[PDB]
Each structure stands twice: as structure tokens, then as C-alpha cells.
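For reference, my_file.pdb is printed below; it contains PDB, C-alpha atoms (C1' of nucleotides).
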```
ATOM      1  CA  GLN U 144      -8.347-187.467 -84.512  1.00  0.00           C
ATOM      2  CA  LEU U 145      -7.299-189.333 -81.369  1.00  0.00           C
ATOM      3  CA  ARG U 146      -5.244-186.272 -80.378  1.00  0.00           C
ATOM      4  CA  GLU U 147      -8.400-184.174 -80.714  1.00  0.00           C
ATOM      5  CA  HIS U 148     -10.816-186.455 -78.871  1.00  0.00           C
ATOM      6  CA  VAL U 149      -9.311-189.438 -77.013  1.00  0.00           C
ATOM      7  CA  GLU U 150      -6.018-188.581 -75.183  1.00  0.00           C
ATOM      8  CA  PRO U 151      -6.285-185.967 -72.389  1.00  0.00           C
ATOM      9  CA  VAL U 152      -4.291-183.077 -73.874  1.00  0.00           C
ATOM     10  CA  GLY U 153      -6.431-179.955 -73.501  1.00  0.00           C
ATOM     11  CA  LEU U 154      -6.953-180.267 -69.750  1.00  0.00           C
ATOM     12  CA  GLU U 155      -4.951-177.337 -68.333  1.00  0.00           C
ATOM     13  CA  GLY U 156      -6.196-173.795 -67.809  1.00  0.00           C
ATOM     14  CA  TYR U 157      -6.586-171.052 -70.362  1.00  0.00           C
ATOM     15  CA  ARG U 158      -3.408-169.158 -69.413  1.00  0.00           C
ATOM     16  CA  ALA U 159      -1.491-172.326 -70.142  1.00  0.00           C
ATOM     17  CA  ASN U 160      -2.152-173.665 -73.692  1.00  0.00           C
ATOM     18  CA  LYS U 161      -3.228-170.216 -74.966  1.00  0.00           C
ATOM     19  CA  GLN U 162      -2.115-169.369 -78.467  1.00  0.00           C
ATOM     20  CA  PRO U 163      -1.227-166.227 -80.380  1.00  0.00           C
ATOM     21  CA  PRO U 164      -4.324-164.756 -82.026  1.00  0.00           C
ATOM     22  CA  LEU U 165      -5.204-165.469 -85.614  1.00  0.00           C
ATOM     23  CA  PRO U 166      -4.507-162.581 -88.031  1.00  0.00           C
ATOM     24  CA  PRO U 167      -7.398-160.118 -88.434  1.00  0.00           C
ATOM     25  CA  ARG U 168     -10.147-161.339 -90.720  1.00  0.00           C
ATOM     26  CA  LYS U 169     -10.732-159.470 -93.976  1.00  0.00           C
ATOM     27  CA  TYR U 170     -13.822-157.612 -92.736  1.00  0.00           C
ATOM     28  CA  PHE U 171     -11.906-156.069 -89.834  1.00  0.00           C
ATOM     29  CA  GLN U 172      -9.000-155.206 -92.126  1.00  0.00           C
ATOM     30  CA  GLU U 173     -11.418-153.387 -94.439  1.00  0.00           C
ATOM     31  CA  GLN U 174     -12.976-151.572 -91.461  1.00  0.00           C
ATOM     32  CA  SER U 175      -9.554-150.455 -90.197  1.00  0.00           C
ATOM     33  CA  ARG U 176      -8.562-149.388 -93.723  1.00  0.00           C
ATOM     34  CA  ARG U 177     -11.727-147.277 -93.985  1.00  0.00           C
ATOM     35  CA  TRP U 178     -10.998-145.700 -90.591  1.00  0.00           C
ATOM     36  CA  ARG U 179      -7.440-144.867 -91.656  1.00  0.00           C
ATOM     37  CA  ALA U 180      -8.660-143.301 -94.914  1.00  0.00           C
ATOM     38  CA  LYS U 181     -11.164-141.237 -92.898  1.00  0.00           C
ATOM     39  CA  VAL U 182      -8.422-140.127 -90.492  1.00  0.00           C
ATOM     40  CA  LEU U 183      -6.000-139.140 -93.248  1.00  0.00           C
ATOM     41  CA  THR U 184      -8.770-137.243 -95.030  1.00  0.00           C
ATOM     42  CA  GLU U 185     -10.395-135.148 -92.313  1.00  0.00           C
ATOM     43  CA  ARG U 186      -7.623-135.021 -89.696  1.00  0.00           C
ATOM     44  CA  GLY U 187      -4.450-134.944 -91.781  1.00  0.00           C
ATOM     45  CA  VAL U 188      -1.200-136.875 -92.128  1.00  0.00           C
ATOM     46  CA  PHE U 189       0.441-135.140 -89.158  1.00  0.00           C
ATOM     47  CA  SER U 190      -2.267-135.974 -86.604  1.00  0.00           C
ATOM     48  CA  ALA U 191      -1.847-138.044 -83.464  1.00  0.00           C
ATOM     49  CA  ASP U 192      -4.214-140.672 -84.876  1.00  0.00           C
ATOM     50  CA  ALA U 193      -2.333-141.052 -88.168  1.00  0.00           C
ATOM     51  CA  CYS U 194       1.089-141.125 -86.512  1.00  0.00           C
ATOM     52  CA  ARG U 195      -0.056-143.561 -83.824  1.00  0.00           C
ATOM     53  CA  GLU U 196      -1.664-145.814 -86.439  1.00  0.00           C
ATOM     54  CA  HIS U 197       1.574-145.796 -88.446  1.00  0.00           C
ATOM     55  CA  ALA U 198       3.592-146.521 -85.292  1.00  0.00           C
ATOM     56  CA  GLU U 199       1.339-149.467 -84.460  1.00  0.00           C
ATOM     57  CA  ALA U 200       1.588-150.654 -88.066  1.00  0.00           C
ATOM     58  CA  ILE U 201       5.415-150.682 -88.049  1.00  0.00           C
ATOM     59  CA  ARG U 202       5.764-152.872 -84.942  1.00  0.00           C
ATOM     60  CA  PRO U 203       5.771-156.651 -85.513  1.00  0.00           C
ATOM     61  CA  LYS U 204       2.855-158.762 -84.332  1.00  0.00           C
ATOM     62  CA  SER U 205       2.668-162.300 -82.948  1.00  0.00           C
ATOM     63  CA  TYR U 206       0.056-164.283 -84.875  1.00  0.00           C
ATOM     64  CA  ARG U 207      -0.940-167.822 -85.810  1.00  0.00           C
ATOM     65  CA  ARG U 208      -1.640-169.427 -89.178  1.00  0.00           C
ATOM     66  CA  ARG U 209      -5.136-170.024 -90.506  1.00  0.00           C
ATOM     67  CA  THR U 210      -5.911-173.720 -90.896  1.00  0.00           C
ATOM     68  CA  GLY U 211      -9.461-173.678 -92.256  1.00  0.00           C
ATOM     69  CA  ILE U 212     -11.000-171.770 -95.140  1.00  0.00           C
ATOM     70  CA  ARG U 213     -12.663-169.035 -93.045  1.00  0.00           C
TER
ATOM     71  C1'   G C   1     -19.674-102.049 -81.208  1.00  0.00           C
ATOM     72  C1'   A C   2     -16.993-105.186 -74.939  1.00  0.00           C
ATOM     73  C1'   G C   3     -18.260-109.897 -73.745  1.00  0.00           C
ATOM     74  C1'   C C   4     -17.811-118.529 -75.769  1.00  0.00           C
ATOM     75  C1'   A C   5     -22.514-113.112 -70.569  1.00  0.00           C
ATOM     76  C1'   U C   6     -26.468-116.899 -73.036  1.00  0.00           C
ATOM     77  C1'   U C   7     -27.714-121.258 -76.197  1.00  0.00           C
ATOM     78  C1'   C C   8     -28.734-129.756 -75.072  1.00  0.00           C
ATOM     79  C1'   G C   9     -26.391-123.356 -81.854  1.00  0.00           C
ATOM     80  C1'   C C  10     -23.234-123.761 -86.435  1.00  0.00           C
ATOM     81  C1'   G C  11     -18.267-124.107 -88.814  1.00  0.00           C
ATOM     82  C1'   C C  12     -13.091-124.870 -88.134  1.00  0.00           C
ATOM     83  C1'   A C  13      -8.744-126.784 -85.125  1.00  0.00           C
ATOM     84  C1'   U C  14      -7.039-130.672 -81.686  1.00  0.00           C
ATOM     85  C1'   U C  15      -6.560-135.387 -78.621  1.00  0.00           C
ATOM     86  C1'   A C  16      -0.022-140.838 -79.169  1.00  0.00           C
ATOM     87  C1'   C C  17       1.167-146.211 -79.012  1.00  0.00           C
ATOM     88  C1'   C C  18       5.580-148.007 -77.416  1.00  0.00           C
ATOM     89  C1'   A C  19       6.606-153.979 -79.164  1.00  0.00           C
ATOM     90  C1'   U C  20       8.933-158.552 -80.330  1.00  0.00           C
ATOM     91  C1'   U C  21       8.049-161.774 -84.675  1.00  0.00           C
ATOM     92  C1'   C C  22       3.402-169.048 -86.847  1.00  0.00           C
ATOM     93  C1'   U C  23       0.738-162.380 -90.840  1.00  0.00           C
ATOM     94  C1'   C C  24       2.839-164.919 -98.010  1.00  0.00           C
ATOM     95  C1'   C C  25       5.826-161.035-100.768  1.00  0.00           C
ATOM     96  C1'   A C  26       6.666-157.658-104.852  1.00  0.00           C
ATOM     97  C1'   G C  27       4.452-155.026-108.703  1.00  0.00           C
ATOM     98  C1'   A C  28       0.206-153.294-112.055  1.00  0.00           C
ATOM     99  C1'   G C  29      -4.506-150.988-111.647  1.00  0.00           C
ATOM    100  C1'   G C  30      -7.920-147.187-109.986  1.00  0.00           C
ATOM    101  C1'   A C  31     -12.848-149.584-107.554  1.00  0.00           C
ATOM    102  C1'   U C  32     -14.495-148.840-102.496  1.00  0.00           C
ATOM    103  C1'   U C  33     -14.483-145.410 -98.175  1.00  0.00           C
ATOM    104  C1'   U C  34     -14.267-140.222 -96.391  1.00  0.00           C
ATOM    105  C1'   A C  35     -14.897-134.642 -97.563  1.00  0.00           C
ATOM    106  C1'   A C  36     -17.621-130.438 -99.718  1.00  0.00           C
ATOM    107  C1'   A C  37     -21.943-127.267-104.278  1.00  0.00           C
ATOM    108  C1'   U C  38     -19.514-123.155-107.537  1.00  0.00           C
ATOM    109  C1'   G C  39     -24.019-129.008-110.073  1.00  0.00           C
ATOM    110  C1'   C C  40     -30.004-129.961-109.821  1.00  0.00           C
ATOM    111  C1'   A C  41     -34.877-128.445-108.693  1.00  0.00           C
ATOM    112  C1'   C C  42     -37.520-124.584-107.149  1.00  0.00           C
ATOM    113  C1'   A C  43     -38.895-120.437-103.616  1.00  0.00           C
ATOM    114  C1'   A C  44     -38.714-115.015-102.148  1.00  0.00           C
ATOM    115  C1'   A C  45     -38.672-110.027-103.302  1.00  0.00           C
ATOM    116  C1'   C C  46     -36.519-106.912-108.248  1.00  0.00           C
ATOM    117  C1'   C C  47     -36.717-105.701-113.522  1.00  0.00           C
ATOM    118  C1'   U C  48     -38.731-106.544-118.328  1.00  0.00           C
ATOM    119  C1'   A C  49     -44.073-108.066-121.066  1.00  0.00           C
ATOM    120  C1'   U C  50     -60.373-101.750-122.041  1.00  0.00           C
ATOM    121  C1'   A C  51     -65.939-103.860-119.712  1.00  0.00           C
ATOM    122  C1'   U C  52     -70.595-107.767-120.916  1.00  0.00           C
ATOM    123  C1'   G C  53     -71.220-112.879-122.517  1.00  0.00           C
ATOM    124  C1'   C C  54     -69.850-117.653-126.214  1.00  0.00           C
ATOM    125  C1'   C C  55     -65.298-121.220-126.669  1.00  0.00           C
ATOM    126  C1'   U C  56     -61.484-121.272-123.033  1.00  0.00           C
ATOM    127  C1'   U C  57     -57.243-124.113-120.831  1.00  0.00           C
ATOM    128  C1'   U C  58     -51.383-122.145-117.547  1.00  0.00           C
ATOM    129  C1'   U C  59     -54.557-118.052-122.288  1.00  0.00           C
ATOM    130  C1'   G C  60     -56.256-115.764-126.885  1.00  0.00           C
ATOM    131  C1'   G C  61     -60.493-115.599-131.666  1.00  0.00           C
ATOM    132  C1'   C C  62     -65.936-112.969-131.934  1.00  0.00           C
ATOM    133  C1'   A C  63     -70.543-108.178-132.099  1.00  0.00           C
ATOM    134  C1'   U C  64     -71.541-103.507-128.939  1.00  0.00           C
ATOM    135  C1'   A C  65     -69.866 -98.866-125.677  1.00  0.00           C
ATOM    136  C1'   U C  66     -66.434 -93.701-123.302  1.00  0.00           C
ATOM    137  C1'   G C  67     -64.316 -94.423-129.817  1.00  0.00           C
ATOM    138  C1'   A C  68     -60.641 -92.517-134.792  1.00  0.00           C
ATOM    139  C1'   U C  69     -60.371 -88.658-131.875  1.00  0.00           C
ATOM    140  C1'   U C  70     -53.815 -83.105-131.200  1.00  0.00           C
ATOM    141  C1'   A C  71     -57.556 -81.705-125.593  1.00  0.00           C
ATOM    142  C1'   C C  72     -59.503 -82.057-120.403  1.00  0.00           C
ATOM    143  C1'   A C  73     -61.465 -85.923-113.080  1.00  0.00           C
ATOM    144  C1'   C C  74     -58.190 -87.925-108.690  1.00  0.00           C
ATOM    145  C1'   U C  75     -53.022 -89.145-104.206  1.00  0.00           C
ATOM    146  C1'   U C  76     -54.733 -82.506-102.229  1.00  0.00           C
ATOM    147  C1'   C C  77     -51.232 -83.421 -94.988  1.00  0.00           C
ATOM    148  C1'   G C  78     -54.617 -80.314 -92.860  1.00  0.00           C
ATOM    149  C1'   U C  79     -52.642 -79.755 -87.128  1.00  0.00           C
ATOM    150  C1'   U C  80     -52.984 -72.136 -83.485  1.00  0.00           C
ATOM    151  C1'   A C  81     -57.720 -73.611 -76.912  1.00  0.00           C
TER
END
```

In C-alpha cells, how does this file's structure come out?
Amino acid sequence: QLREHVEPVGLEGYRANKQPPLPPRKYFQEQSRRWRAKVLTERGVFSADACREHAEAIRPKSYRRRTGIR
RNA sequence: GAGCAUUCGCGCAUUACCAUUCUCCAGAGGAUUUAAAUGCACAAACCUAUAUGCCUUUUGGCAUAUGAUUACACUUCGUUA
């Protein structure tokens, strides 16, 4: 609590002290899943969208950990 | 039958990002999402199924008359100052 409010720790810029993003929330995961199902249905497996989405899925991602319940 | 000649038309096809790890994982299951009538309801032509008045009720029951009789009117294409 003192680290949050009393000592001066969050006083630098944004480019310093920035964090990796939190992982995508479940609504956005469901939206992306629906988009991928749409793409594989009406555009095909061998499309640029499907292959690019798979290629972006295979690469690792730098994330944080959720601390709260939301 | 040439032509995306024309239409803020219709249907189909197509559009590529390159990291960098603090995301719980693996299975089981078939919901959600997307796609489209050969499904549903009708519509349009096409084919099939006597007159007066009473009651009608998506339609027939009742008297009369050309009437118990093998018989009878009509679709005429015209054009030559």
C-alpha cells in the first residue's frame, strides 16, 4: 500500500515503466475466433487471411499476468 | 450474336505477417459463429371440375319456362379508282 501511494515510484515517463500488455480478454478472443471461422468458411484454408492468421498465431507473444478478477 | 460500351447491377474469385517468450496445459464434447433453399407460405399464367326470386355463406336445397325431346341461329376477312 505504501508502494502504491506514499513512496515516489511511478514518476518517470510512459516509455520507461511501460509493461507488456495483458492477454486478450475473453470477449476479444471470441470475436477473433468468430472472424477466423468466417474466414475459413467463405475464403478457404489456403487464403492469405487464413495463412497470415496461422502465422501470427504460431509466433510467441510477450504478455503479463492478470492480477484481478476481470 | 462483338463489346465489364453502360449501370452508385447481381453472383463467383482474390488481397500476407514476419517475432521473441509474465498467455496454465492436455483431453472429452458438439453449443456458438459463418454459408446457402432443393424446406415454408403464397402469387402468375396452364390443365382438370340453364334464367327469376326465398335461404345463402368461399356455395348448394325449392315451383315455373325454350323441356323428355334422334333434328335445326352465329366467329362469315371483305380490300380492283

Please report as a tab-separated table every residue of chain C lying within 7 Å of chain U, along with the nearest atom pair and their distance in Å (one decimal), using all atoms listed in the file.
```
residue	atom	partner	partner_atom	distance
C:16	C1'	U:195	CA	5.4
C:17	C1'	U:195	CA	5.6
C:19	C1'	U:202	CA	5.9
C:20	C1'	U:203	CA	6.4
C:21	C1'	U:203	CA	5.7
C:22	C1'	U:207	CA	4.6
C:23	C1'	U:166	CA	6.0
C:33	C1'	U:177	CA	5.4
C:34	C1'	U:181	CA	4.8
C:35	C1'	U:185	CA	6.9
```

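In this model, the gap between CA of residue 144 (chain U) and CA of residue 213 (chain U) comes to 20.8 Å.
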
Edge lengths and centre in Å to one decimal, as AutoDock Vina command-line options, of the axis-aligned box that encloses all listed atoms of region 180-185 of chain U with 6 Å added on every side?
```
--center_x -8.6 --center_y -139.2 --center_z -92.8 --size_x 17.2 --size_y 20.2 --size_z 16.5
```

Q: Could you check how far CA of residue 189 (chain U) sits from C1' of residue 10 (chain C), in Å to one decimal?
A: 26.4 Å

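Note that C1' of residue 18 (chain C) and CA of residue 170 (chain U) are 26.5 Å apart.
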
Q. Exactly which residues make up the result of the PyMOL selection byres ((chain C and resi 47-54) around 10) on this file, given as number ranges by chain?
A. C: 46, 55-56, 62, 64-65
